[PDB]
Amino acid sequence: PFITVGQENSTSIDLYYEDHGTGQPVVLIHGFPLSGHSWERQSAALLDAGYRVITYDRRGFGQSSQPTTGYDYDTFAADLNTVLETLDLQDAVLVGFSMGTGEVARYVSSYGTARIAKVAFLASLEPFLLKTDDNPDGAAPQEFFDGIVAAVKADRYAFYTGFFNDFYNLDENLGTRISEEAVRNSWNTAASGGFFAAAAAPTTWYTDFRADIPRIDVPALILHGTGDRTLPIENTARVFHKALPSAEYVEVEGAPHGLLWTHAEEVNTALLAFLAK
């Protein structure tokens, strides 16, 4: 299925989406460099629990179009907006994972919560990963991001490999929590995203969501893996919770970045309890 969000030269920009089950609508917003398909462990539990599950592939990823434009949180938020309005979702739950948590903050902040019942942030970017003078808690200096960009441009194929190692803590989880086949599928999904999007995505990672946070109006859930090597729990989740005290917060003991797969359980159990309420 596709939803058209714009135009690029002679072609339109279409997002691949899926719409399963019946019940209260839950929209899942994937992380880099994956696709809506990465939520399969969560989707099955929500379907069983009796929710309507909406997944979509961000522009440049999985089965969506691969323009060379619109790689920024406002565009991504506007893309989300079009999906919501296209489907006329009411009383929806927005769940973002990694990059997806930037969409959740930015949409709520700009568009408001009229269609939105609750939000959930898993392995969040928030509040601001750039380490500055004004942002002391930031996870890295600008030079560091500039780094990743350079690495993806040099050979994103080879890049994906080192990325998944840390994404999943493979030195700990391989053959235990994650099969080699599961990791194979992940690399294939990434290799399938647009070359341009691959190098342009890392630049959206240090977007400042500090002014988005106060706008979160509806009940929220913050969930982070304490073994997160990709988004240090101390520069993210921990400072985010201070910014939104109100958020229900769950720490997944020794879970890596890729906790959707390695700790699907602990993830499903927090998720379903938070949505139950």
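The first residue of the shown sequence is 1; numbering continues from there.
Open item on the list: Please compare 177 to 185 with 98 to 106 and name the stretch with the higher mean C-alpha B-factor in the deposited structure.
Closed with: Comparing 177 to 185 with 98 to 106, the higher average CA B-factor belongs to 177 to 185.
Task: Mean Cα B-factor comparison, 47 to 55 or 237 to 245, giving the higher one as deposited - done: Taking the mean B-factor of the alpha carbons in each, 237 to 245 is higher.
Open item on the list: Highest Cα temperature factor in the entry, among the options 73, 159, 206, 196: which one is it?
Closed with: Each of 73, 159, 206, 196 was compared by C-alpha B-factor; the highest is 206.
Task: Highest-ranked of 35, 42, 66, 230 once sorted by CA temperature factor in the record - done: Most elevated C-alpha B-factor of the set, per the entry: 230.
TODO: Please rank the C-alpha B-factors of the chain's modelled residues and tell me whether residue 113 sits in the lowest, middle or highest third.
DONE: It belongs to the middle third of the chain when residues are ordered by C-alpha B-factor.
Task: Among modelled residues of the same chain, the CA temperature factor third for residue 139 - done: It belongs to the highest third of the chain when residues are ordered by C-alpha B-factor.
Task: Where the record places residue 79 (Cα B-factor, split into thirds across the chain) - done: For residue 79, the deposited C-alpha B-factor lands in the lowest third.
- [ ] Would you check the entry's CA temperature factor for residue 129 and let me know if it's in the chain's lowest, middle or highest third?
- [x] Residue 129: CA B-factor falls in the highest third of its chain.
Open item on the list: Splitting the chain's C-alpha B-factors into thirds, which one does residue 170 fall into?
Closed with: Its C-alpha B-factor belongs to the highest third of this chain's values.
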